[PDB]
Amino acid sequence: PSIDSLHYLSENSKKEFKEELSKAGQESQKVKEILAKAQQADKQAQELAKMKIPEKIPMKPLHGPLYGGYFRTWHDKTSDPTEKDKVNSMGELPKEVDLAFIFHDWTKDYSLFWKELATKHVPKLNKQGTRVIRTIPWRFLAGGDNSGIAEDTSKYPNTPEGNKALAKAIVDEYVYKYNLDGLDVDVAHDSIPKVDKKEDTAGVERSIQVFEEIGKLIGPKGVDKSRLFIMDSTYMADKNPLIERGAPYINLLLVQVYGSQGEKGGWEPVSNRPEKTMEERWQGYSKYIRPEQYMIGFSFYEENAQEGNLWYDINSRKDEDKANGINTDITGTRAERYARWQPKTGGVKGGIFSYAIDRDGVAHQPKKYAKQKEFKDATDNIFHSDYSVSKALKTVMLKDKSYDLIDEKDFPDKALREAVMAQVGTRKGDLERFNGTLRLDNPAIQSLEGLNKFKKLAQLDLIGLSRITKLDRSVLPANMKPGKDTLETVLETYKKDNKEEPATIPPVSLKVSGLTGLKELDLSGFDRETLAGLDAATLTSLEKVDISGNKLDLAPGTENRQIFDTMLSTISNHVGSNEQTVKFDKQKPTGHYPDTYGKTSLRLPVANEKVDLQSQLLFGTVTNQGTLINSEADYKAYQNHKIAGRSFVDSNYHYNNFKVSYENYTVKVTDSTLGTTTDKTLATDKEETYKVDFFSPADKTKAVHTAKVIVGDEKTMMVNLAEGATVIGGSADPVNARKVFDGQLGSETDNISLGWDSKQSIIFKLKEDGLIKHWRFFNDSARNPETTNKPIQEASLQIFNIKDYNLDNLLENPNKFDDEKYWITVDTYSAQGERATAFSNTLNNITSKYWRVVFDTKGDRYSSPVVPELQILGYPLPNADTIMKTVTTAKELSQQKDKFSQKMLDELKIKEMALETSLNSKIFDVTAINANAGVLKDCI
Amino acid sequence: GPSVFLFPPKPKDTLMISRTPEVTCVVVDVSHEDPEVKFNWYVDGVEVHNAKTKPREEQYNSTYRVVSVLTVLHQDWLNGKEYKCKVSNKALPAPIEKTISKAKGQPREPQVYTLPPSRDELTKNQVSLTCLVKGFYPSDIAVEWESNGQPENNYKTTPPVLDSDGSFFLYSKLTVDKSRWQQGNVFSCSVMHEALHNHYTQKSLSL
Amino acid sequence: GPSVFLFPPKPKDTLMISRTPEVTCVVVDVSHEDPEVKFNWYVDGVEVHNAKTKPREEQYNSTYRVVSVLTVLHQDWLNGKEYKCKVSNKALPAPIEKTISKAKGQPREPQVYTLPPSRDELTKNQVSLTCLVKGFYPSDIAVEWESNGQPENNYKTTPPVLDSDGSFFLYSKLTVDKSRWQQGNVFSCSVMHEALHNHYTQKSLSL
Ligand SMILES: *[C@@H]1O[C@H](CO)[C@@H](O[C@@H]2O[C@H](CO)[C@@H](O[C@@H]3O[C@H](CO)[C@@H](O)[C@H](O)[C@@H]3O)[C@H](O)[C@H]2NC(C)=O)[C@H](O)[C@H]1NC(C)=O
């Protein structure tokens, strides 16, 4: 009985049976069993071809909180009846399971399971209301690595027509094959479309498109809406490549975080805080999908649960009952919390799910285990599960008042009620939890009664209910005034020291418009900030209003004050404004800091005083209404701010109360020498110009303001000649050595050791021409105020003696020029023995485009020169080579007091004085040098 | 309870300043759901708070391990400073301390000898150019193979076999195509070890 | 609870086809409370009852080491067959199983070549004659030195080191005088290696 002549076996199964042929390819007795089983598998396959699959009857719409489950097909007694340890039947799942996630895991082609589904389990699931949805991996649907049917790149190219073919085939094979009731997509990066563990962009997009076409063929947007579109993944949504592209096509979204890590998230030391929290996930999905569309899965205790899978996320087997693999008490089960678990924000959940649904009733292994390898009753002993635990848990959830349907007793206005249902939902719990936008445009809405029920709503657009007449808290969402979350956690999470959660509730966005029939509007005592959302022109019938006790800046001239003036005018034109009909006072405006400051310079005289930098310079509180309060007197003018002739602010908010503080905000001073300070105190005893950076307590990188303190005369800013240096010959590694010249101070982690020698040297040219006046080198203490590197005890800067040596020769043979004979010592540092994080010294208008310095810790015994950062100081000065040459020529001639006469000497002295002034100036003016040089060449 | 393991940097990393030498103390032993781990690392007996606890690079489930890596200056490791990490966490009775340093002992200059391939090595597709480095203390040292002034990745080394003089020794063999070996472009064994001149040396080879 | 560790035979025995390798399962850290140990041997994963228990060896921690030795076929062992020790004790929830085998992979013959010191190397006082044995798989291998057919003891042989190509390599250096190593005298490095061709290799040496 050859395997090529079986007819009814799938080409895959045949390829398997012939690979099994190759092994023991000639063993006389095993070549029998392999053919005899390929045969019995062909008999099964043809029994699969001749069955009468049950026609799929219409299934009532899924409504209310649901309970779903992923049943290990390997754990089903009929998937492979040869495995006698599996005794349970997914058909034994109770009616409390609202959703049946068809899992196709470990079912042969000839497997009875398909028929049992089609003829028994699928019918029963229908008759009980359980809808069956098959799940496949993204690899199953995309990629070619074990992509099954998708391996046929000819049958399915990554092309539009190719994608259409792939979709039709996939739906036929996995959905239409059994006329299945739903489509579920595994999104686990493992299930992610993979090929050589490599992202297939065409695979990803094409799977997006093929699911999308199936969703054009099945699901809410599909030809066959009776088939569902589910999506469950272990990956966080922000990593779901199909989230964006499949949201519009999907019918269901499932997510299971089984285990303490999924309940509480994981822990990050870097931020020292929880990560991957439930709320994060539900929010992520909310970026894509509705909380009604969201269902969460927990895990039963699966047989033979190995490390990782052995989550014990539900109640475990009691330690005494060492042979009892079933333990049914949900009380205090983490799954109990799951059954109670609702997302704090957004809205009410779509429902619940279960991973390893085939394990309902089996207890989790006790922790006093996993040291034993060959012994596990609760984990690895086989039991026949009645799914009783699943029934109990599903019923417990099914008895949650939280899911109660929103009804007309909630919103009496059948128009308003229907409109809410249209825009919000049908569950009462939704209203307490609904955290979205609310567009109210049906003019038919005669009364807003029940609107008070909106507790978490994000935005609220009243966009044309002209039949409504009065507006107040009783008909205004609970979220109307500011507040904190009142939703207590039902999550038995692992947060223990993080045991505070007010969760300030942002006051809802209240857009109101087309309430033409509105007569009474009461927003007083809502602590509201602005009038935004209020279509004042639309409250045509407005007759009574009170907005006292808000957080709104009603100071005249504000856009807030503008709307207030309009409303006051409307009242003064309707019945006259008076203390009874209108209330706006008792505001407590919150000052915010201004975005920009204009004081870019603070000038003080040179005196032995000291000044609080921030106070003189870091100042100002602007309102969200744009009200800039910049002084105690400014706050006193706010006290003087009057509305209707009197203030609108609460009498209790003293300027102190009113004032926002710029304390804890830091400063970065920077004197003209590029020296830096951080004392808000600054002493004007020294004539200096400093540059001030304002840092928020929140940020010390982007300055909120820059300033120029000026004691005495202004000074030109220096320049980091070291920026853009060209590394030249030196002991220090030029690649690394540029880091000292790298402009940035650099991090503690970065290496600041020049050379393996108490003294180490580095040459380097400068980027561009300039006037050099100082230099500086950072000690490692700058990098870390506490460093073990000993400081440079003595150091030296020198230039290449280009006057005596051909700089062309040096550039030709830099190593040859490693001699101080090739150099000219220009400066020398020598530590006198005091701790310092850097050293600095002026420079007498130095000129060498190239330089070469050595530093020296002077530490003999394997103490190496380590220098934090290299600072070369001056101004930009083009033609520095030629200008400095002229300067030295002027020096030499001014020495040549015998060569030139007194009449020439006076002009030469004027010229030398000019050059002296020019040595440290910013605008290179070579003209005087040239005129003097012409005079000198004439005199020579 | 948890346990700590401190791993010195690669001898090349500690021997090339262009690299950033570091010892990594990681704790993977008995741990719990409580994830707080106040990793603490010292050097020469002075505990440094600063660190860069690696973001968990674990791809998926079942890897709850925290590792801290401390970069160290060469002149600090080299000076034999003893970095001891004492890690405290609530699951632990007290912080656990473990120390590593530059190995104690008189540094000993490696003696390098070049050996050409055995004839069988040219009968092999890959012939082996050998550098035997002996008499080197401490055992930490970096040797490498290059050809035609360019690095040769097909090189293998040996553990620092303690010399009879208390130093360590090894042989390294760079493998090259036996045709390449026959037309051997100039190879160089480049070694960074404090026991080296300029802590850096090249040994030449040519056809 | 006691602990079980299964050790293989000596490398030379498994590394010369003439010799008979055996796996001996010694259980250490065995407390007084649960002293009893039951041993099951296994050749190639097949349970065998030919293991022979030796008298116990008390450890320094007031614990005993109890060993049962089962002979294996040399070629079976070198071919990666699994020698398995099952240890039974009252302190274990279930019997402990341990398995061992030769390194998996196609065996690669060790090539053994002895080279005398480089002229620079022989310029020392005690020149070393080095026998490098490379290209050897599975890593299981054994090498020994001799000179003039007589064993040379002033020698240290490195353990086999898995090469980048999946075989193993090592060097053994026999120290003689640079007077003697370069005096002129034929050394023979004799290797018996499961990684060696015919479980053997030879390396010739001369000044
Ligand atoms: C890491 O975490 C996941 C999620 O908690 C663990 O659960 C699931 O384990 C099963 C059984 O090992 C995996 O099922 C198989 O996956 C392969 C992927 O090629 C698929 O082809 C088979 O049809 C089968 O479904 C499943 O991928 C895995 N993940 C999920 C979301 O169910 C997983 O076991 C953990 N890692 C290990 C090594 O156990």
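Basis: the model, the stated rules and, where named, an outside source; these are not laboratory values. Here the Cβ is made from the backbone with ideal geometry for all residues, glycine too, and neighbour counts use every protein chain on show.
Sort through C:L162, C:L132, C:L73 and tell me the only one that's surrounded by 23 or more Cβ atoms within 10 Å (Cβ to Cβ) and either assigned by TED's automatic domain parsing to the domain that holds C:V191 or not basic (K, R) (or both).
Working: C:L162 fails: surrounded by 23 or more Cβ atoms within 10 Å (Cβ to Cβ); C:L73 fails: surrounded by 23 or more Cβ atoms within 10 Å (Cβ to Cβ).
The conditions single out C:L132.
Suppose we keep only residues that are surrounded by 17 or more Cβ atoms within 10 Å (Cβ to Cβ) and under 19 Å from A:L117 (Cβ atoms) within segment A:157-175. Which one would you say is farthest from the ligand (Cβ to nearest atom)?
A:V171
Could you check how many residues of segment A:309-337 are away from the ligand (no atom under 16 Å from the Cβ) and of a type in the set (F, W, Y)?
Qualifying residue count for the region: 0.
Going by what's in this entry, would A:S154 be described as more than 21 Å from A:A100 (Cβ to Cβ) and either within 16 Å of the ligand (Cβ to nearest atom) or among the small types (G, A, S) (or both)?
Values: more than 21 Å from A:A100 (Cβ to Cβ): yes; either within 16 Å of the ligand (Cβ to nearest atom) or among the small types (G, A, S) (or both): yes.
Yes.
Exactly one condition in (1) among the hydroxyl-bearing types (S, T, Y); (2) more than 30 Å from A:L451 (Cβ to Cβ); (3) touching a residue at least 40 places away in the same chain (Cβ under 8 Å) is false for A:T331; which is it?
(3)
Which residue is farthest from the chain's Cα centre (by Cα), if the candidates are limited to segment A:115-142 and must be away from the ligand (no atom under 15 Å from the Cβ) and either among the hydrophobic types (A, V, I, L, M, F, W, C) or within 14 Å of another protein chain (Cβ to nearest Cβ) (or both)?
The extreme case among them is A:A118.
Could you say whether any residue in segment B:51-63 is hydroxyl-bearing (S, T, Y), on the phi > 0 side of the Ramachandran plot and either assigned to a loop (DSSP other than H, G, I, E, B) or not assigned by TED's automatic domain parsing to the domain that holds B:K134 (or both)? Don't jump to the end; show me each part of the working.
Kept after step one, since they are hydroxyl-bearing (S, T, Y), are these residues of segment B:51-63: B:53, B:60, B:62-63.
Subset that is on the phi > 0 side of the Ramachandran plot: B:62.
Next, only the ones that are either assigned to a loop (DSSP other than H, G, I, E, B) or not assigned by TED's automatic domain parsing to the domain that holds B:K134 (or both) stay: B:62.
Yes, some residue in segment B:51-63 is hydroxyl-bearing (S, T, Y), on the phi > 0 side of the Ramachandran plot and either assigned to a loop (DSSP other than H, G, I, E, B) or not assigned by TED's automatic domain parsing to the domain that holds B:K134 (or both).
Residues that are out of contact with any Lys or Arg (no Cβ under 8 Å at 6 or more places or on another chain) and farther than 30 Å from A:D612 by Cβ: list the strands (runs of 3 or more DSSP E) wholly contained in segment A:697-784 that include at least 2 such residues.
Counting at least 2 such residues, we get A:770-778.
Would you confirm whether any residue within segment C:149-156 is surrounded by 24 or more Cβ atoms within 10 Å (Cβ to Cβ) and either among the aliphatic types (A, V, I, L, M) or over 21 Å from B:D163 (Cα atoms) (or both)?
no
Of everything in segment C:101-117, what is surrounded by fewer than 18 Cβ atoms within 10 Å (Cβ to Cβ) and either in contact with a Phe, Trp or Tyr (Cβ under 7 Å, 6 or more places away or on another chain) or within 14 Å of chain B (Cβ to nearest Cβ) (or both)? Give them in sequence order. Outline the logic, then answer.
First pass over segment C:101-117, keeping only residues surrounded by fewer than 18 Cβ atoms within 10 Å (Cβ to Cβ): C:104-106.
Across segment C:101-117, the qualifying residues are C:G105, C:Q106.
Test A:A370 against the stated conditions and say whether it is touching an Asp or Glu at 6+ places or on another chain (Cβ under 9 Å), hydrophobic (A, V, I, L, M, F, W, C), surrounded by fewer than 23 Cβ atoms within 10 Å (Cβ to Cβ) and over 17 Å from A:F71 (Cα atoms).
On the way: touching an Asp or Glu at 6+ places or on another chain (Cβ under 9 Å): yes; hydrophobic (A, V, I, L, M, F, W, C): yes; surrounded by fewer than 23 Cβ atoms within 10 Å (Cβ to Cβ): yes; over 17 Å from A:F71 (Cα atoms): yes.
When the stated conditions are applied, A:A370 passes them.
Working only within segment B:176-199, note down all residues that are within 14 Å of chain A (Cβ to nearest Cβ) and surrounded by fewer than 16 Cβ atoms within 10 Å (Cβ to Cβ).
Step one: filter segment B:176-199 for residues within 14 Å of chain A (Cβ to nearest Cβ), giving B:192-199.
If the condition is that a residue be within 14 Å of chain A (Cβ to nearest Cβ) and surrounded by fewer than 16 Cβ atoms within 10 Å (Cβ to Cβ), then B:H197, B:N198 are the ones that fit.
Consider segment A:112-127. How many of its residues are over 18 Å from A:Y174 (Cβ atoms) and touching a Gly at 6+ places or on another chain (Cβ under 9 Å)?
Counting residues in segment A:112-127 that are over 18 Å from A:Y174 (Cβ atoms) and touching a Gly at 6+ places or on another chain (Cβ under 9 Å) gives 2.
List the pairs whose first member sits in segment A:708-735 and is within 14 Å of chain B (Cβ to nearest Cβ) and more than 17 Å from A:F778 (Cα to Cα), whose second member is part of a loop (DSSP other than H, G, I, E, B) and aromatic (F, W, Y), and whose Cβ atoms are under 9 Å apart, counting only residues at least 6 apart or on separate chains?
A:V727/A:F741; A:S731/A:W756
Name the single residue that is farthest from the ligand (Cβ to nearest atom) among those in segment B:54-70 being surrounded by 15 or more Cβ atoms within 10 Å (Cβ to Cβ) and closer than 28 Å to A:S753 by Cα.
Going through the qualifying residues, I end up with B:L70.
For segment A:221-261, which positions are within 14 Å of chain B (Cβ to nearest Cβ), more than 12 Å from the ligand (Cβ to nearest atom) and part of a loop (DSSP other than H, G, I, E, B)?
A:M236 - this is the single residue of segment A:221-261 that is within 14 Å of chain B (Cβ to nearest Cβ), more than 12 Å from the ligand (Cβ to nearest atom) and part of a loop (DSSP other than H, G, I, E, B).
Report the residue count in segment A:338-353 for those that are within 16 Å of the ligand (Cβ to nearest atom) and in a loop (DSSP other than H, G, I, E, B).
Result for segment A:338-353: 0.
Considering each of A:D196, A:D190, A:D145 in turn, give the residue that is within 31 Å of the chain's Cα centre (by Cα), within 16 Å of the ligand (Cβ to nearest atom) and away from chain B (no Cβ under 14 Å).
A:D196
If you take the residues of segment C:84-96 that are more than 21 Å from C:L73 (Cα to Cα) and surrounded by 14 or more Cβ atoms within 10 Å (Cβ to Cβ), which of them is nearest to the other protein chains (Cβ to nearest Cβ)?
It comes out as C:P93.
If you go through segment B:49-67, how many residues are within 9 Å of chain A (Cβ to nearest Cβ) and among the small types (G, A, S)?
So the count comes out to 1.
Which condition number does A:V711 fail, the rest of (1) surrounded by 20 or more Cβ atoms within 10 Å (Cβ to Cβ); (2) farther than 30 Å from A:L617 by Cβ being met?
(2)
Restricting attention to segment A:284-304, does a residue exist that is of a type outside the set (S, T, N, Q), in contact with a strand residue (DSSP E or B) (Cβ under 8 Å, 6 or more places away or on another chain) and within 11 Å of chain B (Cβ to nearest Cβ)?
So far as segment A:284-304 goes, no, none of its residues is of a type outside the set (S, T, N, Q), in contact with a strand residue (DSSP E or B) (Cβ under 8 Å, 6 or more places away or on another chain) and within 11 Å of chain B (Cβ to nearest Cβ).
Out of the residues in segment A:148-175 that are without any contact (Cβ under 8 Å) to a residue 60 or more places away in the chain and touching a strand residue (DSSP E or B) at 6+ places or on another chain (Cβ under 9 Å), which is nearest to the other protein chains (Cβ to nearest Cβ)?
A:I170
Restricting segment A:326-377 to residues that are of a type in the set (D, E) and over 16 Å from A:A305 (Cα atoms), which is farthest from the other protein chains (Cβ to nearest Cβ)?
Among residues in segment A:326-377 that are of a type in the set (D, E) and over 16 Å from A:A305 (Cα atoms), the one farthest from the other protein chains (Cβ to nearest Cβ) is A:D329.
Across segment B:7-48, which residue is farthest from the other protein chains (Cβ to nearest Cβ) among those that are over 20 Å from B:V143 (Cα atoms) and among the acidic types (D, E)?
B:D29
So how many residues does segment A:278-308 have that are away from the ligand (no atom under 16 Å from the Cβ) and of a type outside the set (A, V, I, L, M)?
Selection size over segment A:278-308: 14.
Might you let me know whether segment A:71-87 holds any residue that is within 16 Å of the ligand (Cβ to nearest atom), within 15 Å of A:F298 (Cα to Cα) and surrounded by 20 or more Cβ atoms within 10 Å (Cβ to Cβ)?
Among the residues of segment A:71-87, at least one is within 16 Å of the ligand (Cβ to nearest atom), within 15 Å of A:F298 (Cα to Cα) and surrounded by 20 or more Cβ atoms within 10 Å (Cβ to Cβ), which makes the answer yes.
Quick one: which of A:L112, A:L183 is away from the ligand (no atom under 16 Å from the Cβ), touching a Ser or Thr at 6+ places or on another chain (Cβ under 9 Å) and farther than 20 Å from A:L254 by Cα?
From the options A:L112, A:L183, the qualifying one is A:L112.
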